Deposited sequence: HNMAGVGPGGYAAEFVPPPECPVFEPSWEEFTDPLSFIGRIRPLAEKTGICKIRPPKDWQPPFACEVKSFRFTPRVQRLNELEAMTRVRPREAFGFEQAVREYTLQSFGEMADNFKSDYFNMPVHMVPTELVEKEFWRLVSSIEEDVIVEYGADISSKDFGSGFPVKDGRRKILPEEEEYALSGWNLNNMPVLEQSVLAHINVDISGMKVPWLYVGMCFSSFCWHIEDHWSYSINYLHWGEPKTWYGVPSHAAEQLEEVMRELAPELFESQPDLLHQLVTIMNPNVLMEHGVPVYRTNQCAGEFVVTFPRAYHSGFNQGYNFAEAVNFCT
């Protein structure tokens, strides 16, 4: 009954010539990545943007996440508190190392993935984590340099800088993750693309569904969702659309997975449902774009 990992989504390692334009590159890999919903892009080895957030002033109040909140269906549990980037990392590393009884970097990604989905549906164990998930790049700056040192100028002007993506048909948002912090199944507003960059930290685990199976996923969601949420509009239902990928796979929905490591991009395609969780303390940046 252990979690069965979905097949891996495509991973592209473009050369420096192919890495010249994101929209041109995504358009060329489209015939394959469109059929998997998500794909991972590894930039060339020497493409390393320096972290450009104001780490000194970085303070945030993460949301509280109870992993088994849906299964517990059949409000003063924990208030939201303020962290700094360093104090949140100390809390995140202490939680994971105490939970697995080993150094955080020695915990296999398959074990965290297996334990996360066990905790989501567990009724005896109540695990509660925190996620810095409502942080705009206007708050303390983007993780990318934005027009800086001369060595940073190439990255401030790069097309893969998420601040330089075409967003007209917003600004990038930031995610400070810890172990077991997660985001449930959803598509973007206007069925837009989304591009996600992990600046540093432990990997972010993804699950994606191709757009041609979008209506099949919504059917399975509606059938198995709690009856009180079944009639809710999609924008509100998407706030609690947590579902084990094996359940979707058992109902014929194709699901692909990947572990997004530091310095790697993840692109979601139009109407491609996606979800995931963080393996540990990390820092991500994401923005929607249209083609």
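The deposited sequence has C-alpha coordinates everywhere except the stretches 1-12, 87-94, 168-172, 195-208.
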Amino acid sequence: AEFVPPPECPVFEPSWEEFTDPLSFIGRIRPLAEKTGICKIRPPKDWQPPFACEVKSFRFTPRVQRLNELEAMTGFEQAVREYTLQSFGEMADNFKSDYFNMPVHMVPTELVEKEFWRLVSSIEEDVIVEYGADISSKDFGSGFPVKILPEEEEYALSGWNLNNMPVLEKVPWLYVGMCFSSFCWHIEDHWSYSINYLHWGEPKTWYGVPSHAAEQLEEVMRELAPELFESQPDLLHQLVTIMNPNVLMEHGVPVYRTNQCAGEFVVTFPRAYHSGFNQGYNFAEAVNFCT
From here on, numbers count along this sequence of modelled residues.
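Take the two forms, superpose them, and find the largest set of C-alpha atoms that agree within 1.5 Å; that set is the rigid core.
Here 216-224 and 132-140 are scored by the root mean square distance of their C-alpha atoms in 9 other deposited structures of this protein, with each structure fitted by the rigid core; the higher score goes to 132-140. Looking at 263-271 and 9-17 together, the entry lists the larger mean B-factor for 9-17, computed on C-alpha atoms. In this entry, the higher average B-factor at the C-alpha atoms falls on 234-242, of the pair 234-242 and 253-261. Within the group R63, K40, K45, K35, the record's highest C-alpha temperature factor is found at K45. Take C179, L111, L217, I148 and read off each C-alpha B-factor from the entry; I148 has the highest.
Among the modelled residues of the chain, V209 sits in the lowest third by CA temperature factor in this PDB entry. When the modelled residues of the chain are ordered by their C-alpha B factor, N101 lands in the middle third. Among the modelled residues of the chain, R81 sits in the highest third by CA temperature factor in this PDB entry. Ranked by Cα temperature factor within the chain, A286 sits in the lowest third according to the deposited record. When the CA B factors of the chain's modelled residues are split into thirds, the value for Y155 lands in the highest one.
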